[PDB]
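# Structural features, examined
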Amino acid sequence: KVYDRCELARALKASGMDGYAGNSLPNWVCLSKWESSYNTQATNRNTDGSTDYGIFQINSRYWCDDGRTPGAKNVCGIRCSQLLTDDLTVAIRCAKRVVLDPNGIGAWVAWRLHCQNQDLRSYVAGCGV
Ligand SMILES: CC(=O)N[C@@H]1[C@@H](O)[C@H](O[C@@H]2O[C@H](CO)[C@@H](O[C@@H]3O[C@H](CO)[C@@H](O)[C@H](O)[C@H]3NC(C)=O)[C@H](O)[C@H]2NC(C)=O)[C@@H](CO)O[C@@H]1O
């Protein structure tokens, strides 16, 4: 599914992402936009044999099993395929796990690049949340 910006903002807010591990909602909408353009079906293969999956582009080297990644740890304990559904439940539960590591939201390259230190007001403007 390709989510609408406010539609995504509502589903994240409803799922307890606003303030999760100290990351306000606009952080999460900004990284989703830059990482996947809001598409739950987005996939991107890396040089290292790993692949990024879903709206949050979670990486297969550490977080999910895609059965073709060398040295994979599957910390979320899931199949990467579960990260591509229109339903965000599993993706959200795994992104919540990812942010608890030491690097926090800095785990996401797109956040570091386009959201960190930025004015993110625009990502939730007009959503009424
Ligand atoms: C920039 C790139 O070529 N790939 C982007 C990629 O880095 C992103 O996946 C990020 O990969 C890094 C590197 O493997 C992951 O960070 C590691 O996470 C472990 C779990 O917390 C730590 O123990 C390691 O210390 C740490 N390595 C480093 C060197 O910081 C990061 O977890 C990961 N992120 C996600 C999200 O799955 C993905 C997403 O930005 O896309 C690109 O491939």
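Per the deposited record, determination of this structure is attributed to X-ray crystallography, with the resolution reported as 2.0 Å.

Along its length, the chain carries five helices and three strands. Sequence-ordered secondary structure for the chain, helices as α and strands as β, is α-α-β-β-β-α-α-α. The C-alpha radius of gyration of the chain comes to 14 Å, within 12% of the 14 Å expected for a compact globule of 129 residues. On the principal axes, the C-alpha backbone points of the chain span a range of 45 × 30 × 25 Å. Looking at the 129 residues of the chain, the share that counts as buried comes to 44%. Taking as baseline every contact in the chain between residues at least 6 positions apart, the subset at least 24 positions apart corresponds to 51%. Carbon together with sulfur atoms contributes 45% to the accessible area of the chain, which is approximately 6600 Å² in total.

The next thing to look at is helix α2 (residues 25–36). The end-to-end C-alpha distance of α2, which contains 12 residues, comes to 17 Å, matching closely the 16 Å that a straight helix rising 1.5 Å per residue would cover. Burial of α2 is extensive: nine of the 12 residues sit out of reach of the surface. Following α2 by one or two positions, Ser37 has its phi on the positive side, about 60°.

A separate point is the state of the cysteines. Where two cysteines share a covalent bond between their sulfur atoms, that bond is called a disulfide. With the rule as written, the count across this model stands at four disulfides. Disulfide pairing is shown between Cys6 and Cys127; the S-S distance is 2.0 Å. One disulfide, between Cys6 and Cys127, carries an S-S torsion of -75° and so falls in the left-handed class. Taken as a pair, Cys6 in helix α1 (residues 5–14) and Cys127 in the segment after α5 (121–124) lie far apart in primary sequence, 121 residues in all. Each bonded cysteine of the chain is numbered by sequence order, and under that numbering the disulfide pairs are 1-8, 2-7, 3-5, 4-6.

Rules and cut-offs
Bear in mind the residue numbers are our own, running from 1 along each chain as written, so they may not match the entry, and residues with no coordinates are left out. No hydrogens and no water enter the side-chain calculation; it runs on all heavy atoms of the structure. Secondary structure elements follow DSSP: runs of H or I of four or more residues count as helices, runs of E of two or more count as strands, with numbering from the N terminus. Computation of the radius of gyration draws on C-alpha atoms alone. For the globule rule, the value is 2.2 Å times the number of residues to the power 0.38. To sort residues, take the accessible area from a 1.4 Å probe on protein chains only and compare it with the maximum for the residue type: under 20% means buried, over 50% means exposed, and anything in between is partly exposed. We call two residues contacting when some pair of their heavy atoms lies within 4.5 Å. Here the Shrake-Rupley method, with its probe set to 1.4 Å, supplies the accessible areas, and only the displayed protein chains count as covering residues. A helix is expected to span 1.5 Å multiplied by its residue count minus one. We call a pair of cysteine sulfur atoms a disulfide whenever their separation is within 2.5 Å.

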